[PDB]
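[1] enclosed are the sequence and the experimentally obtained structure.
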Amino acid sequence: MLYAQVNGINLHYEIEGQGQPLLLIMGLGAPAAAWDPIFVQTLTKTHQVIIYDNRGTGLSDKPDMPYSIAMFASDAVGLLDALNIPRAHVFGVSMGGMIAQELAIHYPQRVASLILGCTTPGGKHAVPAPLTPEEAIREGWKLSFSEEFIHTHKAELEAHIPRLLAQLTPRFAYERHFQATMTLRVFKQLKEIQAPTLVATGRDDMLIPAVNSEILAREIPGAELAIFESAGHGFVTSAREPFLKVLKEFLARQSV
């Protein structure tokens, strides 16, 4: 029910909690509904958490045009402007981590701290990826979670399916997002990032190789690296309690 109009595009967002603003940025084709709800709820105890639907997704407008990381970063800044927030902590996952990198380089004055989850800088220095819509989500789990995690957490995973199906990203928009992931151009500028930075991923990430997180942390001055054992692309869920501990500890040392 809340929207921010940024450059004529209506972006659906949700905002919750009190304290220092924390902007969460989702990855390829994913709406705000894709965030692990327990993770988000827990963060609202210490922070004002902003989640939202990128253009093309959820309840947001879906213009049929080329998307880029630069445009996504412009959208995020627009959201912060609409909310009258000068500076925010920023956490992006996957393509959302690419948007985060763009923000920290091109809009450094809006970024109080930076958390990069299961992401990559792209380009030559990056190490690349190696039926019913219900069945598709279940198939997609295998890329984010181990076979044992899926076994022991089947109810928790199944409970999220309706939420995702309620708000499908249409195929045309999914294509725009897919092609946007090719438009990041940051590698040499990573070393100019001034934000205090946490890089985090699951060691066993099958979608984005975990070495990408080492490459990021290697470039960004003063970046910390948290790699979680027995977790993959889905580490925000599969390592939720250890990651929430690390993220809360990191954010406690930060300020807006």
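    Perfect, I can see it now. Residues are numbered from 1 along each chain as shown.

[2] which parts of the chain are helices?
    For the chain, helices defined by DSSP state H occupy the ranges 37-43, 69-82, 95-106, 133-141, 147-152, 154-165, 171-180, 211-219, 235-238, 240-252.

[3] which of the ones you listed sits closest to residue 229?
    Of all the helices of the chain, helix 240-252 sits nearest to residue 229, with 8.8 Å by Cβ to Cβ. Every C-beta, even on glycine, is put in place using the N, C-alpha and C of the backbone.

[4] and the nearest residue to residue 42 once chain neighbours are set aside, how many neighbours does it have?
    Sequence neighbours aside, residue 244 is the residue nearest to residue 42 in space, at 5.7 Å (criterion: Cβ to Cβ, 6 or more residues apart in numbering). For residue 244, the count of nearby residues is 16 (other Cβ atoms under 10 Å).

[5] any idea how far residue 244 is from residue 49?
    12 Å (Cβ to Cβ, to the nearest Å).

[6] list the residues that are in contact with both of these two.
    Common neighbours of residue 244 and residue 49 (criterion: Cβ atoms under 8 Å, 6 or more residues apart in numbering): residue 43.

[7] quick one: contacts of stretch 3-13?
    2, 31-32, 50-55, 58-61, 63, 74-75, 78-79, 81-83.

[8] list the buried residues of it.
    Using 16 or more other Cβ atoms under 10 Å as the test for burial, stretch 3-13 gives 3, 4, 6, 9, 11, 12, 13.

[9] do stretch 99-111 as well
    Neighbour counts over stretch 99-111 (16+ other Cβ under 10 Å) mark 99, 100, 101, 102, 103, 104, 105, 106, 110, 111 as buried.

[10] switch the helices of the chain over to JSON lines; also include distance to residue 193.
    Below are these laid out as JSON lines (distance: least, Cβ to Cβ, whole Å):
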{"stretch": "helix 37-43", "distance to residue 193": "23"}
{"stretch": "helix 69-82", "distance to residue 193": "14"}
{"stretch": "helix 95-106", "distance to residue 193": "5"}
{"stretch": "helix 133-141", "distance to residue 193": "31"}
{"stretch": "helix 147-152", "distance to residue 193": "33"}
{"stretch": "helix 154-165", "distance to residue 193": "32"}
{"stretch": "helix 171-180", "distance to residue 193": "21"}
{"stretch": "helix 211-219", "distance to residue 193": "8"}
{"stretch": "helix 235-238", "distance to residue 193": "22"}
{"stretch": "helix 240-252", "distance to residue 193": "15"}
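
[11] out of those, which is closest to residue 186?
    For residue 186, the closest of those is helix 95-106, at 5.1 Å, according to Cβ to Cβ.

[12] so how far is that closest one off the chain centroid?
    Distance of helix 95-106 from the chain centroid (Cα atoms, centre = their mean, to the nearest Å) equals 10 Å.

[13] just stretch 79-97 next, same as before
    Worked out by Cα atoms, centre = their mean, stretch 79-97 lies 10 Å from the chain centre.

[14] indicate which one of the helices of the chain is closest to residue 196.
    Closest to residue 196 of the helices of the chain is helix 240-252 (Cβ to Cβ; 8.0 Å).

[15] can I get the closest one in PDB? Just the C-alpha atoms.
    Presented in PDB, the C-alpha positions along helix 240-252 are these (Å, rounded to 0.1, in the frame of the first residue of the first chain):
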ATOM      1  CA  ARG A 240      20.200 -16.900   9.600                       C
ATOM      2  CA  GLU A 241      21.200 -17.000  13.300                       C
ATOM      3  CA  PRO A 242      25.000 -16.800  12.700                       C
ATOM      4  CA  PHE A 243      24.600 -14.100  10.000                       C
ATOM      5  CA  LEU A 244      22.200 -12.100  12.100                       C
ATOM      6  CA  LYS A 245      24.700 -12.200  14.900                       C
ATOM      7  CA  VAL A 246      27.500 -11.000  12.600                       C
ATOM      8  CA  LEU A 247      25.400  -8.400  10.900                       C
ATOM      9  CA  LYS A 248      24.100  -6.900  14.200                       C
ATOM     10  CA  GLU A 249      27.600  -6.800  15.600                       C
ATOM     11  CA  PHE A 250      28.900  -5.100  12.500                       C
ATOM     12  CA  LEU A 251      26.000  -2.500  12.500                       C
ATOM     13  CA  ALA A 252      26.500  -1.800  16.200                       C
END
